[PDB]
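Shown next: my_file-v8.cif, given as mmCIF, C-alpha atoms and all ligand atoms.
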data_model
loop_
_atom_site.group_PDB
_atom_site.id
_atom_site.type_symbol
_atom_site.label_atom_id
_atom_site.label_comp_id
_atom_site.auth_asym_id
_atom_site.auth_seq_id
_atom_site.Cartn_x
_atom_site.Cartn_y
_atom_site.Cartn_z
ATOM 1 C CA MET A 1 33.429 -90.178 44.290
ATOM 2 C CA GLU A 2 35.963 -92.847 45.180
ATOM 3 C CA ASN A 3 38.219 -90.460 47.076
ATOM 4 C CA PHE A 4 35.986 -87.457 47.845
ATOM 5 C CA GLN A 5 32.417 -86.701 48.868
ATOM 6 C CA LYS A 6 30.741 -83.748 47.201
ATOM 7 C CA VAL A 7 29.254 -81.141 49.493
ATOM 8 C CA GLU A 8 27.842 -78.920 46.756
ATOM 9 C CA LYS A 9 28.555 -77.383 43.370
ATOM 10 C CA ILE A 10 30.337 -74.056 43.791
ATOM 11 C CA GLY A 11 29.989 -72.990 40.180
ATOM 12 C CA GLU A 12 31.426 -73.155 36.672
ATOM 13 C CA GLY A 13 35.102 -72.274 36.420
ATOM 14 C CA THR A 14 37.203 -71.510 33.346
ATOM 15 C CA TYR A 15 38.108 -75.179 32.873
ATOM 16 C CA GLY A 16 35.129 -77.058 34.270
ATOM 17 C CA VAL A 17 32.785 -77.471 37.234
ATOM 18 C CA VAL A 18 34.090 -76.596 40.719
ATOM 19 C CA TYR A 19 32.718 -78.378 43.774
ATOM 20 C CA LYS A 20 33.111 -77.983 47.505
ATOM 21 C CA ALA A 21 34.208 -81.480 48.522
ATOM 22 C CA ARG A 22 35.449 -83.472 51.487
ATOM 23 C CA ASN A 23 38.499 -85.718 51.344
ATOM 24 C CA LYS A 24 37.389 -89.183 52.476
ATOM 25 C CA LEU A 25 40.692 -90.088 54.135
ATOM 26 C CA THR A 26 41.421 -86.804 55.923
ATOM 27 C CA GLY A 27 38.036 -85.149 56.327
ATOM 28 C CA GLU A 28 39.443 -81.898 54.924
ATOM 29 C CA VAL A 29 37.153 -79.617 52.938
ATOM 30 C CA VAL A 30 38.545 -78.514 49.558
ATOM 31 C CA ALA A 31 37.675 -76.836 46.259
ATOM 32 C CA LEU A 32 37.719 -79.657 43.712
ATOM 33 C CA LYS A 33 38.029 -78.503 40.098
ATOM 34 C CA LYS A 34 37.196 -80.859 37.245
ATOM 35 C CA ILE A 35 39.151 -80.095 34.071
ATOM 36 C CA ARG A 36 36.977 -80.507 30.976
ATOM 37 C CA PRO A 37 47.697 -83.683 27.496
ATOM 38 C CA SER A 38 50.823 -85.013 29.200
ATOM 39 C CA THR A 39 52.559 -81.636 29.066
ATOM 40 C CA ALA A 40 49.711 -80.126 31.091
ATOM 41 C CA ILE A 41 49.965 -82.742 33.848
ATOM 42 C CA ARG A 42 53.684 -82.217 34.329
ATOM 43 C CA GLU A 43 53.421 -78.428 34.177
ATOM 44 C CA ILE A 44 50.471 -78.132 36.540
ATOM 45 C CA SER A 45 52.142 -80.564 38.909
ATOM 46 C CA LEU A 46 55.021 -78.108 39.256
ATOM 47 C CA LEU A 47 52.545 -75.541 40.593
ATOM 48 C CA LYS A 48 51.995 -77.717 43.675
ATOM 49 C CA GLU A 49 55.396 -76.444 44.822
ATOM 50 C CA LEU A 50 54.274 -72.836 44.981
ATOM 51 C CA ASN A 51 53.592 -71.783 48.545
ATOM 52 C CA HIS A 52 52.793 -68.239 49.553
ATOM 53 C CA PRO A 53 50.253 -66.797 52.002
ATOM 54 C CA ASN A 54 48.575 -64.936 49.188
ATOM 55 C CA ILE A 55 48.235 -67.833 46.764
ATOM 56 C CA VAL A 56 45.434 -70.431 47.080
ATOM 57 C CA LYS A 57 47.362 -73.659 47.597
ATOM 58 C CA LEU A 58 47.161 -76.291 44.868
ATOM 59 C CA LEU A 59 46.945 -79.332 47.147
ATOM 60 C CA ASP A 60 47.015 -81.977 44.441
ATOM 61 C CA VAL A 61 46.645 -82.930 40.787
ATOM 62 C CA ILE A 62 44.620 -86.101 40.364
ATOM 63 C CA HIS A 63 44.621 -87.958 37.097
ATOM 64 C CA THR A 64 42.447 -91.078 37.387
ATOM 65 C CA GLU A 65 39.926 -92.877 35.143
ATOM 66 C CA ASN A 66 41.278 -90.590 32.396
ATOM 67 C CA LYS A 67 39.786 -87.542 34.100
ATOM 68 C CA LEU A 68 41.723 -84.599 35.526
ATOM 69 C CA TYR A 69 40.943 -82.844 38.810
ATOM 70 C CA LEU A 70 42.780 -80.112 40.670
ATOM 71 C CA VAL A 71 42.388 -79.970 44.456
ATOM 72 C CA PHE A 72 42.692 -76.488 45.976
ATOM 73 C CA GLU A 73 42.584 -75.226 49.561
ATOM 74 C CA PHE A 74 39.066 -73.994 50.339
ATOM 75 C CA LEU A 75 38.217 -70.388 51.260
ATOM 76 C CA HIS A 76 34.753 -69.147 52.280
ATOM 77 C CA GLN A 77 34.146 -66.174 50.022
ATOM 78 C CA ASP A 78 35.409 -64.567 46.820
ATOM 79 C CA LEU A 79 35.973 -60.852 46.228
ATOM 80 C CA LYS A 80 33.126 -60.611 43.734
ATOM 81 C CA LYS A 81 30.590 -61.576 46.386
ATOM 82 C CA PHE A 82 32.301 -59.505 49.080
ATOM 83 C CA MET A 83 32.148 -56.443 46.820
ATOM 84 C CA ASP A 84 28.454 -57.064 46.112
ATOM 85 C CA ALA A 85 27.820 -57.506 49.830
ATOM 86 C CA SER A 86 29.674 -54.247 50.525
ATOM 87 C CA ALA A 87 27.938 -52.257 47.775
ATOM 88 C CA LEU A 88 25.820 -50.021 50.026
ATOM 89 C CA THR A 89 28.656 -48.769 52.203
ATOM 90 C CA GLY A 90 31.727 -49.696 50.187
ATOM 91 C CA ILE A 91 34.814 -51.602 51.352
ATOM 92 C CA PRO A 92 36.674 -49.461 53.903
ATOM 93 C CA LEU A 93 39.798 -47.865 52.426
ATOM 94 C CA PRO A 94 42.127 -49.534 54.927
ATOM 95 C CA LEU A 95 40.778 -52.913 53.812
ATOM 96 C CA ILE A 96 41.006 -52.062 50.112
ATOM 97 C CA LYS A 97 44.612 -51.065 50.730
ATOM 98 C CA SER A 98 45.382 -54.258 52.658
ATOM 99 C CA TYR A 99 43.844 -56.432 49.949
ATOM 100 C CA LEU A 100 45.666 -54.641 47.136
ATOM 101 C CA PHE A 101 48.971 -54.925 49.091
ATOM 102 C CA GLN A 102 48.485 -58.656 49.666
ATOM 103 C CA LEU A 103 47.454 -59.267 46.049
ATOM 104 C CA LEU A 104 50.643 -57.525 44.872
ATOM 105 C CA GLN A 105 52.695 -59.741 47.184
ATOM 106 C CA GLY A 106 51.019 -62.765 45.594
ATOM 107 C CA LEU A 107 51.765 -61.479 42.098
ATOM 108 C CA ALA A 108 55.350 -60.555 43.033
ATOM 109 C CA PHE A 109 55.859 -64.110 44.290
ATOM 110 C CA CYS A 110 54.379 -65.847 41.237
ATOM 111 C CA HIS A 111 56.085 -63.528 38.804
ATOM 112 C CA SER A 112 59.485 -64.097 40.461
ATOM 113 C CA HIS A 113 58.926 -67.813 39.845
ATOM 114 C CA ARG A 114 58.049 -67.142 36.204
ATOM 115 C CA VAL A 115 54.344 -67.947 36.642
ATOM 116 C CA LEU A 116 51.637 -65.690 35.214
ATOM 117 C CA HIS A 117 47.926 -65.819 35.912
ATOM 118 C CA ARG A 118 46.535 -64.117 32.756
ATOM 119 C CA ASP A 119 42.878 -64.123 33.882
ATOM 120 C CA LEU A 120 42.704 -62.397 37.264
ATOM 121 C CA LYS A 121 39.162 -61.335 38.220
ATOM 122 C CA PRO A 122 37.177 -60.842 41.449
ATOM 123 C CA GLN A 123 35.865 -64.409 41.087
ATOM 124 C CA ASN A 124 39.285 -65.942 41.594
ATOM 125 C CA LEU A 125 40.398 -63.699 44.438
ATOM 126 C CA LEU A 126 39.420 -65.519 47.657
ATOM 127 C CA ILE A 127 39.177 -64.154 51.180
ATOM 128 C CA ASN A 128 38.981 -65.525 54.694
ATOM 129 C CA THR A 129 37.748 -64.311 58.072
ATOM 130 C CA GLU A 130 41.276 -63.349 59.159
ATOM 131 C CA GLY A 131 41.761 -60.556 56.652
ATOM 132 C CA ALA A 132 43.806 -62.491 54.096
ATOM 133 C CA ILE A 133 43.137 -62.451 50.358
ATOM 134 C CA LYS A 134 44.603 -65.050 47.983
ATOM 135 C CA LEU A 135 44.789 -65.585 44.252
ATOM 136 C CA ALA A 136 43.652 -68.872 42.761
ATOM 137 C CA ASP A 137 44.536 -70.406 39.367
ATOM 138 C CA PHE A 138 47.969 -68.909 38.697
ATOM 139 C CA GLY A 139 49.731 -70.787 35.890
ATOM 140 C CA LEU A 140 46.665 -72.647 34.601
ATOM 141 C CA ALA A 141 46.289 -70.510 31.494
ATOM 142 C CA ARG A 142 49.790 -71.381 30.205
ATOM 143 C CA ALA A 143 49.477 -75.074 31.069
ATOM 144 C CA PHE A 144 46.005 -75.559 29.569
ATOM 145 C CA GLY A 145 45.987 -72.910 26.858
ATOM 146 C CA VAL A 146 42.690 -72.373 25.039
ATOM 147 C CA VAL A 147 30.201 -66.406 28.975
ATOM 148 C CA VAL A 148 33.719 -65.196 29.807
ATOM 149 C CA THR A 149 34.307 -61.787 31.385
ATOM 150 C CA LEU A 150 36.603 -59.485 29.408
ATOM 151 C CA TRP A 151 36.445 -56.672 31.965
ATOM 152 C CA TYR A 152 39.957 -57.250 33.329
ATOM 153 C CA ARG A 153 41.766 -58.066 30.055
ATOM 154 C CA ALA A 154 44.938 -56.076 29.289
ATOM 155 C CA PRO A 155 44.883 -54.075 26.024
ATOM 156 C CA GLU A 156 47.750 -55.991 24.454
ATOM 157 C CA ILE A 157 45.664 -59.166 24.764
ATOM 158 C CA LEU A 158 42.620 -57.470 23.239
ATOM 159 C CA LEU A 159 44.838 -56.258 20.380
ATOM 160 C CA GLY A 160 45.757 -59.858 19.601
ATOM 161 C CA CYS A 161 49.262 -60.145 21.018
ATOM 162 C CA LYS A 162 49.985 -63.820 21.568
ATOM 163 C CA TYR A 163 52.982 -63.241 23.841
ATOM 164 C CA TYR A 164 52.049 -62.559 27.444
ATOM 165 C CA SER A 165 54.123 -60.852 30.115
ATOM 166 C CA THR A 166 53.815 -60.194 33.858
ATOM 167 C CA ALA A 167 52.187 -56.887 32.954
ATOM 168 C CA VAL A 168 48.874 -58.514 32.024
ATOM 169 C CA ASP A 169 48.296 -59.345 35.709
ATOM 170 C CA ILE A 170 49.149 -55.844 36.901
ATOM 171 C CA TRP A 171 46.575 -54.457 34.442
ATOM 172 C CA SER A 172 43.882 -56.813 35.757
ATOM 173 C CA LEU A 173 44.717 -55.943 39.350
ATOM 174 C CA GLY A 174 44.549 -52.234 38.567
ATOM 175 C CA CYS A 175 41.038 -52.746 37.190
ATOM 176 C CA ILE A 176 40.053 -54.628 40.342
ATOM 177 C CA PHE A 177 41.596 -51.884 42.549
ATOM 178 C CA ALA A 178 39.457 -49.307 40.735
ATOM 179 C CA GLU A 179 36.358 -51.456 41.170
ATOM 180 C CA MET A 180 36.862 -51.854 44.917
ATOM 181 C CA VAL A 181 37.108 -48.073 45.217
ATOM 182 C CA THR A 182 34.215 -46.905 43.033
ATOM 183 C CA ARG A 183 31.966 -49.928 43.537
ATOM 184 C CA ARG A 184 31.524 -50.230 39.792
ATOM 185 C CA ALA A 185 33.561 -52.113 37.179
ATOM 186 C CA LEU A 186 36.105 -49.836 35.502
ATOM 187 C CA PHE A 187 35.711 -51.220 31.950
ATOM 188 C CA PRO A 188 32.619 -53.428 31.703
ATOM 189 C CA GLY A 189 32.832 -54.391 28.036
ATOM 190 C CA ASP A 190 30.336 -56.794 26.499
ATOM 191 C CA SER A 191 32.538 -57.797 23.552
ATOM 192 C CA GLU A 192 36.211 -57.614 22.660
ATOM 193 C CA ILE A 193 35.846 -54.406 20.653
ATOM 194 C CA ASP A 194 33.535 -52.851 23.238
ATOM 195 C CA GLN A 195 36.092 -53.744 25.922
ATOM 196 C CA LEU A 196 38.858 -52.144 23.901
ATOM 197 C CA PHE A 197 36.866 -49.001 23.090
ATOM 198 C CA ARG A 198 35.780 -48.539 26.718
ATOM 199 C CA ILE A 199 39.467 -48.518 27.623
ATOM 200 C CA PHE A 200 40.214 -46.054 24.804
ATOM 201 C CA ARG A 201 37.369 -43.735 25.814
ATOM 202 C CA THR A 202 38.764 -43.455 29.328
ATOM 203 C CA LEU A 203 42.529 -43.594 28.851
ATOM 204 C CA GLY A 204 42.628 -42.154 25.338
ATOM 205 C CA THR A 205 43.195 -44.054 22.095
ATOM 206 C CA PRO A 206 46.805 -45.227 22.253
ATOM 207 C CA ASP A 207 49.388 -44.120 19.694
ATOM 208 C CA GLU A 208 53.077 -44.692 18.981
ATOM 209 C CA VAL A 209 54.057 -41.953 21.416
ATOM 210 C CA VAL A 210 52.563 -43.559 24.523
ATOM 211 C CA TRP A 211 52.858 -47.115 23.228
ATOM 212 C CA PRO A 212 55.719 -47.731 20.789
ATOM 213 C CA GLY A 213 54.753 -50.604 18.535
ATOM 214 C CA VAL A 214 51.009 -50.426 19.157
ATOM 215 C CA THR A 215 50.168 -49.758 15.506
ATOM 216 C CA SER A 216 51.773 -53.098 14.575
ATOM 217 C CA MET A 217 49.776 -55.214 17.047
ATOM 218 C CA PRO A 218 47.842 -58.009 15.253
ATOM 219 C CA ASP A 219 44.346 -56.579 15.624
ATOM 220 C CA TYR A 220 45.215 -52.885 15.641
ATOM 221 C CA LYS A 221 43.256 -50.950 12.987
ATOM 222 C CA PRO A 222 44.196 -47.435 11.793
ATOM 223 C CA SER A 223 40.435 -46.854 11.684
ATOM 224 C CA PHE A 224 40.049 -46.981 15.488
ATOM 225 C CA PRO A 225 38.362 -43.769 16.664
ATOM 226 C CA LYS A 226 40.677 -41.259 18.325
ATOM 227 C CA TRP A 227 39.386 -40.455 21.799
ATOM 228 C CA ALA A 228 41.117 -37.985 24.123
ATOM 229 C CA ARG A 229 42.341 -39.221 27.512
ATOM 230 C CA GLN A 230 40.013 -38.434 30.415
ATOM 231 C CA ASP A 231 41.151 -36.630 33.533
ATOM 232 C CA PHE A 232 42.248 -39.358 35.925
ATOM 233 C CA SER A 233 40.581 -37.600 38.879
ATOM 234 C CA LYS A 234 37.213 -38.312 37.251
ATOM 235 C CA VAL A 235 37.775 -42.057 36.916
ATOM 236 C CA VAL A 236 38.155 -43.158 40.556
ATOM 237 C CA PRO A 237 36.881 -40.423 42.848
ATOM 238 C CA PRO A 238 37.389 -40.003 45.706
ATOM 239 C CA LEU A 239 40.620 -42.065 45.772
ATOM 240 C CA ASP A 240 43.505 -39.855 46.959
ATOM 241 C CA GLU A 241 46.503 -38.830 44.838
ATOM 242 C CA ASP A 242 48.690 -41.647 46.151
ATOM 243 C CA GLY A 243 46.043 -44.146 45.081
ATOM 244 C CA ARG A 244 45.503 -42.432 41.734
ATOM 245 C CA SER A 245 49.249 -42.280 41.033
ATOM 246 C CA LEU A 246 49.655 -46.005 41.732
ATOM 247 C CA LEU A 247 46.606 -46.894 39.638
ATOM 248 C CA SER A 248 47.879 -44.858 36.707
ATOM 249 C CA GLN A 249 51.129 -46.811 36.814
ATOM 250 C CA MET A 250 49.238 -50.100 36.772
ATOM 251 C CA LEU A 251 47.184 -48.989 33.761
ATOM 252 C CA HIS A 252 49.919 -47.732 31.428
ATOM 253 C CA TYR A 253 49.212 -48.888 27.872
ATOM 254 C CA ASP A 254 52.700 -50.182 27.088
ATOM 255 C CA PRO A 255 53.100 -53.334 29.176
ATOM 256 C CA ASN A 256 56.804 -52.500 29.522
ATOM 257 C CA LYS A 257 55.954 -49.147 31.172
ATOM 258 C CA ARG A 258 53.428 -50.752 33.524
ATOM 259 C CA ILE A 259 54.702 -50.908 37.129
ATOM 260 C CA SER A 260 55.905 -54.283 38.456
ATOM 261 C CA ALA A 261 54.272 -55.931 41.467
ATOM 262 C CA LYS A 262 57.567 -55.583 43.371
ATOM 263 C CA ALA A 263 57.898 -51.870 42.609
ATOM 264 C CA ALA A 264 54.214 -51.284 43.391
ATOM 265 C CA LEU A 265 54.701 -52.659 46.918
ATOM 266 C CA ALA A 266 57.078 -49.752 47.599
ATOM 267 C CA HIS A 267 54.677 -47.078 46.320
ATOM 268 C CA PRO A 268 53.798 -44.301 48.837
ATOM 269 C CA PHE A 269 50.168 -45.474 48.809
ATOM 270 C CA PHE A 270 51.218 -48.298 51.148
ATOM 271 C CA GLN A 271 53.070 -46.193 53.713
ATOM 272 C CA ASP A 272 50.206 -46.648 56.178
ATOM 273 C CA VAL A 273 49.026 -50.141 55.200
ATOM 274 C CA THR A 274 47.512 -52.337 57.939
ATOM 275 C CA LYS A 275 45.640 -55.653 58.036
ATOM 276 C CA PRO A 276 41.992 -55.028 59.041
ATOM 277 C CA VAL A 277 39.410 -57.740 59.781
ATOM 278 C CA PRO A 278 36.631 -57.840 57.184
ATOM 279 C CA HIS A 279 32.997 -58.329 58.140
ATOM 280 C CA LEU A 280 32.051 -61.539 56.351
ATOM 281 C CA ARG A 281 28.591 -63.026 56.321
ATOM 282 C CA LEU A 282 29.020 -66.720 55.558
HETATM 283 N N1 LIG B 301 39.588 -72.232 46.406
HETATM 284 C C1 LIG B 301 38.274 -71.880 46.294
HETATM 285 N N2 LIG B 301 37.435 -71.901 47.362
HETATM 286 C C2 LIG B 301 36.184 -71.501 46.995
HETATM 287 N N3 LIG B 301 35.148 -71.416 47.895
HETATM 288 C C3 LIG B 301 33.924 -70.693 47.516
HETATM 289 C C4 LIG B 301 34.138 -69.141 47.548
HETATM 290 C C5 LIG B 301 32.848 -68.388 47.138
HETATM 291 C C6 LIG B 301 31.650 -68.802 48.032
HETATM 292 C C7 LIG B 301 31.453 -70.339 48.078
HETATM 293 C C8 LIG B 301 32.756 -71.085 48.460
HETATM 294 S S1 LIG B 301 36.004 -71.104 45.346
HETATM 295 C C9 LIG B 301 37.662 -71.454 45.115
HETATM 296 C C10 LIG B 301 38.306 -71.294 43.765
HETATM 297 O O1 LIG B 301 39.631 -71.586 43.678
HETATM 298 C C11 LIG B 301 37.666 -70.827 42.664
HETATM 299 C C12 LIG B 301 38.239 -69.775 41.828
HETATM 300 C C13 LIG B 301 37.540 -69.254 40.679
HETATM 301 C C14 LIG B 301 36.239 -69.765 40.328
HETATM 302 C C15 LIG B 301 35.514 -69.248 39.185
HETATM 303 C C16 LIG B 301 34.208 -69.778 38.860
HETATM 304 C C17 LIG B 301 33.612 -70.824 39.661
HETATM 305 C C18 LIG B 301 34.312 -71.361 40.806
HETATM 306 C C19 LIG B 301 35.624 -70.845 41.159
HETATM 307 C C20 LIG B 301 36.340 -71.354 42.300
#
Could you quickly redo this structure as structure tokens?
Ligand SMILES: Nc1nc(NC2CCCCC2)sc1C(=O)c1ccc2ccccc2c1
Amino acid sequence: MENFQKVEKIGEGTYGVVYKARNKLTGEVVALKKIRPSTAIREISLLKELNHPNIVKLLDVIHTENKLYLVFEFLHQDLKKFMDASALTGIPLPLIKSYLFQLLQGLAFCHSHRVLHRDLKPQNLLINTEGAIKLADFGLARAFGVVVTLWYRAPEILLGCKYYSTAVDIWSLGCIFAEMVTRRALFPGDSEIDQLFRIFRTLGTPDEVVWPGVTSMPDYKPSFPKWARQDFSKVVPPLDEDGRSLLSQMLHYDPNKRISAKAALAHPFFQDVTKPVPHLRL
């Protein structure tokens, strides 16, 4: 490339190929994302202003030769791989707590600036050797619009609501929290209806009592089976009651009842939070 030198392909992201690259002028290593609209350019450019320790920095937006690239700060591992690498022993609770706390700070920051992610998943949660965890790709979904993982999708999205709110990110993070604890995805659906029914089988089929307005959602069908809610203690053992209480608030059906990132940071679960060093094999 004219301005970068590719080191290697990292993988296929939501919007195009992602490469580990080196800036020719500075020598800095970055995550270069090729995007496969004028409104998009202006909107994404605004995201360069975001700066928070728990957000992967968007270093630049490059629009040349009628191609679009996003340059992001590079991190050495994502949470998906770290979880796989920690499958035999599990991620220590203090580290799970630290990561969840940091992720909520990242969400609280973005949300306060009116920026949603909409597609949080272990793949876009990046970690470094110092114990930090950061979220990548906030705001891209809105700017760009429309096999993809549905495992972390909020129910309102699965039910066809086309108006998103900050709550969709809290739902996704709750699912990730559960996965770090049990070492298994919470709702590993293989289709949109399977995803929805896995949620219903665990949390109970929603109704107008727990979710006012649910029966009027675009894809809601009166024919959905009626499953009873499972005992929460069976879903994420052996997470303690503070952890279970917080998780339940992040997984409320009604997005308006779902806890905010800001309020979650004050939950008793974080009374003893610390910042442990993870053991990363790079
Ligand atoms: N900043 C940043 N550093 C990265 N280093 C890699 C971490 C995992 C191990 C190899 C280096 S990956 C990254 C992303 O921002 C990012 C996020 C989601 C992705 C989903 C699918 C494919 C690529 C993706 C890349």
Which residues of region 143-192 of chain A come within 12 Å of region 25-42 of chain A, and what is each one's closest atom pair and distance in Å (one decimal), counting only C-alpha atoms, sorted by chain and residue number, as a Markdown table?
| residue | atom | partner | partner_atom | distance |
| --- | --- | --- | --- | --- |
| A:143 | CA | A:40 | CA | 5.1 |
| A:144 | CA | A:40 | CA | 6.1 |
| A:145 | CA | A:40 | CA | 9.2 |
| A:146 | CA | A:36 | CA | 11.6 |
What would the file look like if the residues just selected were written as an mmCIF file, in the frame of the given file with C-alpha atoms?
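Output contents, as saved in result_24.cif:
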data_model
loop_
_atom_site.group_PDB
_atom_site.id
_atom_site.type_symbol
_atom_site.label_atom_id
_atom_site.label_comp_id
_atom_site.auth_asym_id
_atom_site.auth_seq_id
_atom_site.Cartn_x
_atom_site.Cartn_y
_atom_site.Cartn_z
ATOM 1 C CA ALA A 143 49.477 -75.074 31.069
ATOM 2 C CA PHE A 144 46.005 -75.559 29.569
ATOM 3 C CA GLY A 145 45.987 -72.910 26.858
ATOM 4 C CA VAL A 146 42.690 -72.373 25.039
#
**Request:** Work out how far apart CA of residue 228 (chain A) and CA of residue 96 (chain A) are and give it in Å to one decimal.
**Result:**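 Value for the CA of residue 228 (chain A)-CA of residue 96 (chain A) distance: 29.6 Å.
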**Prompt:** Taking into account all atoms listed in the file, which residue in the set A:108, A:135, A:161, A:261 is nearest to ligand LIG 301 (chain B)?
**Reply:**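 So, comparing all the options, the nearest one is A:135.
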**Message:** Counting only C-alpha atoms and all ligand atoms, what are the residues, protein, DNA or RNA alike, that approach ligand LIG 301 (chain B) to within 9 Å? I want them as an MDAnalysis selection string.
**Reply:** chainID A and resid 9:20 30:33 56:58 71:81 121:127 134:137 282
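Nearest to residue 191 (chain A) of all the residues A:158, A:239, A:246, A:132 is A:158, based on all atoms listed in the file.
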**Asked** So what does the PyMOL selection byres (((chain A and resi 249) around 10) and not hetatm) actually pick up in this one, as a ChimeraX atom specification?
**Response** /A:170-171,174,244-248,250-253,257-260,264
**Request:** Please work out which residues fall within 10 Å of (47.0, -55.0, 25.6), coordinates as given in the file, with all atoms listed in the file counting, and return them as a count of residues only.
**Result:** 20
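Atom pair CA of residue 54 (chain A) / CA of residue 102 (chain A) has a distance of 6.3 Å (rounded to one decimal).
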Residue members of the PyMOL selection byres (((chain A and resi 265) around 12) and not hetatm) in the file shown, as a compact mmCIF listing (two decimals) with C-alpha atoms, in the frame of the given file:
# COMPACT_ATOMS: atom_id res chain seq x y z
CA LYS A 97 44.61 -51.06 50.73
CA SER A 98 45.38 -54.26 52.66
CA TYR A 99 43.84 -56.43 49.95
CA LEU A 100 45.67 -54.64 47.14
CA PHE A 101 48.97 -54.92 49.09
CA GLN A 102 48.48 -58.66 49.67
CA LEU A 103 47.45 -59.27 46.05
CA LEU A 104 50.64 -57.52 44.87
CA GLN A 105 52.70 -59.74 47.18
CA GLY A 106 51.02 -62.76 45.59
CA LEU A 107 51.76 -61.48 42.10
CA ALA A 108 55.35 -60.56 43.03
CA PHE A 109 55.86 -64.11 44.29
CA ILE A 170 49.15 -55.84 36.90
CA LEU A 246 49.66 -46.00 41.73
CA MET A 250 49.24 -50.10 36.77
CA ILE A 259 54.70 -50.91 37.13
CA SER A 260 55.90 -54.28 38.46
CA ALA A 261 54.27 -55.93 41.47
CA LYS A 262 57.57 -55.58 43.37
CA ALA A 263 57.90 -51.87 42.61
CA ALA A 264 54.21 -51.28 43.39
CA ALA A 266 57.08 -49.75 47.60
CA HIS A 267 54.68 -47.08 46.32
CA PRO A 268 53.80 -44.30 48.84
CA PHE A 269 50.17 -45.47 48.81
CA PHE A 270 51.22 -48.30 51.15
CA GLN A 271 53.07 -46.19 53.71
CA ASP A 272 50.21 -46.65 56.18
CA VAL A 273 49.03 -50.14 55.20
**Explicit residue set for the PyMOL selection byres (((chain A and resi 138) around 7) and not hetatm), as JSON, numbers by chain** = {"A": [115, 116, 117, 136, 137, 139, 140]}
**Request:** Could you tell me which of A:162, A:183, A:234, A:198 comes closest to residue 150 (chain A) if we count all atoms listed in the file?
**Result:** A:198
**Point-to-point distance in Å for CA of residue 256 (chain A) and CA of residue 194 (chain A)** =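 So the answer is 24.1 Å.
Minimum distance to residue 95 (chain A) across A:274, A:179, A:227, A:59 (counting only C-alpha atoms) occurs at A:274.
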**Request:** Rank nothing, just name the residue among A:184, A:201, A:48, A:229 nearest to residue 88 (chain A), using all atoms listed in the file.
**Result:** A:184
So which residues touch residue 182 (chain A) within 8 Å, counting all atoms listed in the file, skipping near sequence neighbours fewer than 4 positions away, as a short mmCIF file (atom, residue, chain, number, x, y, z; two decimals) with C-alpha atoms, in the coordinates of the input?
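The file below, result04.cif, is the result:
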data_model
loop_
_atom_site.label_atom_id
_atom_site.label_comp_id
_atom_site.auth_asym_id
_atom_site.auth_seq_id
_atom_site.Cartn_x
_atom_site.Cartn_y
_atom_site.Cartn_z
CA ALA A 178 39.46 -49.31 40.74
CA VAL A 236 38.16 -43.16 40.56
CA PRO A 237 36.88 -40.42 42.85
#
**Message:** Considering all atoms listed in the file, can you say which of A:6, A:276, A:94, A:142 comes closest to residue 180 (chain A)?
**Reply:**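 Nearest to residue 180 (chain A): A:94.
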**Prompt:** Excluding same-chain residues fewer than 3 positions from residue 277 (chain A), what lies within 8 Å of it counting all atoms listed in the file, as a list in words?
**Reply:**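 After dropping sequence-adjacent residues, the list is residues 95, 129, 130 and 131 of chain A.
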For region 135-151 of chain A, take all atoms listed in the file, fit an axis-aligned box around them, add 4 Å to each of the six sides, then output centre and edge lengths in Å rounded to one decimal, as JSON.
{"center_x": 40.0, "center_y": -66.1, "center_z": 34.6, "size_x": 27.6, "size_y": 26.9, "size_z": 27.2}
